[PDB]
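# Tertiary structure, described
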Amino acid sequence: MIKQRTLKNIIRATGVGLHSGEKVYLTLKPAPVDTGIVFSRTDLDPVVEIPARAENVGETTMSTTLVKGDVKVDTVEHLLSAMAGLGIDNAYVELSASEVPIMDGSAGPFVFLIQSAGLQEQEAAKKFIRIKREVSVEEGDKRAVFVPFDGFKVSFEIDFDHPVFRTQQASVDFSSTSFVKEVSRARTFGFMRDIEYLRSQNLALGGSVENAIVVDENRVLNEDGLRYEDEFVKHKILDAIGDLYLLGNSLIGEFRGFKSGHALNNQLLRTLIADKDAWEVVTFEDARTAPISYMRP
Ligand SMILES: O=C(N[C@@H]1C[C@H](C(=O)NCc2ccc(C#Cc3ccc(CN4CCOCC4)cc3)cc2)N(C(=O)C2CC2)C1)[C@@H]1C[C@H](F)CN1
Ligand SMILES: [Zn+2]
């Protein structure tokens, strides 16, 4: 059968929080069967643990954020992206501060570390949510859609009215396209104008070229430019995938985002969980017949 994966070994990384400018020490520990992904504030006494279920999501404005009480964990999307990518079911994610470190602006550093350590299969069937019906949300000109699909695939359009905006639509089937190779390296991005305002509202305090695509009026200001033709929309997919990990079970279906953010992605989540008609849980007693598949541990 398809079995749950956890970490083989623990991983320590160090970085800054993009919004906080805070030095943050990160530790990824294996977790038991049926733990799911569980974020943890080790700097607090006692320690505060927020499962990365959708129920725990807060201010979605500048990043995806987990809350319990008046304790938050900011910017989980890139890491959850990475964990989703490699099909990790169970991990604890320890932090010395409120924000998850940004590293380079992509999932790549996270995927690296996860795979250097390696994965452990566990005597327990992986549980899957199969999309069974179109489920759609709109707000103004944004839209966000699940569509049943025998596999896992993500599509995104964006429109920025911008000299730099190269391609603004992409679609990836992850049962025939390497998440690792095609999506994981896609960096977050800010606009020159936004940044000037946000710094003077104590946001983007840890932001630099070393972890973000910086865009002028006209051009990427990053000396070494883009990792991809379509990095921006490739990053949007990355983020989308993270948000979808909050289900707390992997997805057999397709997502389509149009101009969508964390806020509308999270609405889509809630609505989907609410319409029990629209989905079902499935395990597979024979991976050679299952519609999505996995990399070697
Ligand atoms: O990636 C995400 N969203 C995407 C990207 C983008 C967005 O929300 N971006 C959010 C974002 C905002 C600001 C920065 C920065 C910086 C910065 C760079 C240089 C200096 C000065 N330097 C410092 C060093 O010295 C030299 C100068 C100072 C600061 C990076 C990302 N977006 C948008 O739609 C944008 C348009 C609204 C969709 C989510 C959200 C979080 F960003 C993380 N994941
Ligand atoms: Zn992002």
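Residues numbered from 1 in each chain as written, not as in the entry; some residues may be left out. Chains lettered and ligands numbered in written order. Heavy atoms only, no water. Residues with missing side-chain atoms left out of burial classes, pairs and counts.

Going by the header, the method for this PDB entry is X-ray crystallography, and the resolution given is 2.55 Å.

## Observations regarding helix α2 (residues 108–117)
Rules: Type-normalised accessible area, obtained with a 1.4 Å probe on protein chains alone, sets the label of each residue: buried when under 20%, exposed when over 50%, and partly exposed for intermediate values. Here a strand is any run of E in DSSP of at least two residues, a helix any run of H or I of at least four, and the numbering for each starts at the N terminus.
Residues of α2 that are buried include every one of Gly108, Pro109, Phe110, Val111, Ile114 and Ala117, and no others. With its phi angle positive at about 95°, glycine 118 sits one or two positions after the end of α2.

## A short note on the coordination of the zinc ion (ligand 2)
The condition that has to hold: Listed donors are limited to N, O and S atoms within 2.8 Å of the metal, widened to 3.2 Å for Na, K and Ca; water is not among them, so incomplete-looking sites are possible. Tetrahedral means four donors with every angle between 85 and 135 degrees, whereas square planar (four donors) and octahedral (six donors) require angles over 155 degrees between opposite donors and between 65 and 115 for all others; sites fitting neither are termed irregular.
Looking at the zinc ion (ligand 2), the protein donor atoms are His78 (NE2), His235 (NE2), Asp239 (OD) and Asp239 (OD), and they sit 2.0 to 2.4 Å from it. Metal-centred angles of 57 to 148° between the six donor atoms at the zinc ion (ligand 2) mark the site as irregular. For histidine 78, a relative accessible area of 6% corresponds to the buried category.

## As for the pattern of salt bridges
Filter applied, for reference: In the sections that follow, a salt bridge refers to a side-chain nitrogen of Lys or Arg positioned within 4 Å of a carboxyl oxygen of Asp or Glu.
On inspection of all chains with the given rule, the structure shows 13 salt bridges. Several salt bridges converge on common partners, so that one network encompasses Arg130, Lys132 and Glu280.

## Quick notes on the site of ligand 1
Heads up, the rule is: Note on definitions. A residue lies near a molecule or strand when any single heavy atom of the residue is within 4 Å of it. Think of a polar contact as two N or O atoms within 3.5 Å of one another; within protein, one of them needs to be a possible hydrogen donor and the other a possible acceptor, and neighboring residues in sequence only count if both atoms come from side chains. Computed with a 1.4 Å probe, the accessible areas rest on the Shrake-Rupley method; for each residue, only the protein chains presented here act as cover. Where each domain begins and ends is defined by an automated method or by a domain database.
Looking at ligand 1, there are 18 residues lining it, with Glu77, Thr188, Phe189, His235 and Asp239 nearest. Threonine 188 is positioned such that a nitrogen or oxygen atom in its side chain is 2.6 Å from an oxygen atom of ligand 1. About the coverage of ligand 1: the protein hides 71% of its 870 Å² of free accessible area. Residues from two domains meet in the shell around ligand 1; each of domain 1 (1–127) and domain 2 (128–297) gives at least three.

## Quick notes on the UniProt feature "active site" in the chain
For clarity, the threshold we go by: UniProt positions are given in the numbering used here, feature names are shortened, and annotations may be inferred rather than shown by experiment. In what follows, residue pairs with any heavy atoms lying within 4.5 Å of each other are defined as contacts.
Mapped onto the present numbering, the UniProt feature "active site" falls on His262. Once you skip the residues sitting within four places of it in the chain, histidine 262 turns out to touch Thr60, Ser63, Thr64, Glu77, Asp239 and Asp243. In terms of polar contacts, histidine 262 uses its side chain to reach the side chain of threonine 64, at 2.5 Å.

## Re the environment of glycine 17
Tracing the backbone shows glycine 17 in the loop between β2 (11–16) and β3 (23–30). Contacts of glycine 17, omitting those with residues within four sequence positions, involve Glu22, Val24, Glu99, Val100, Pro101 and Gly206.

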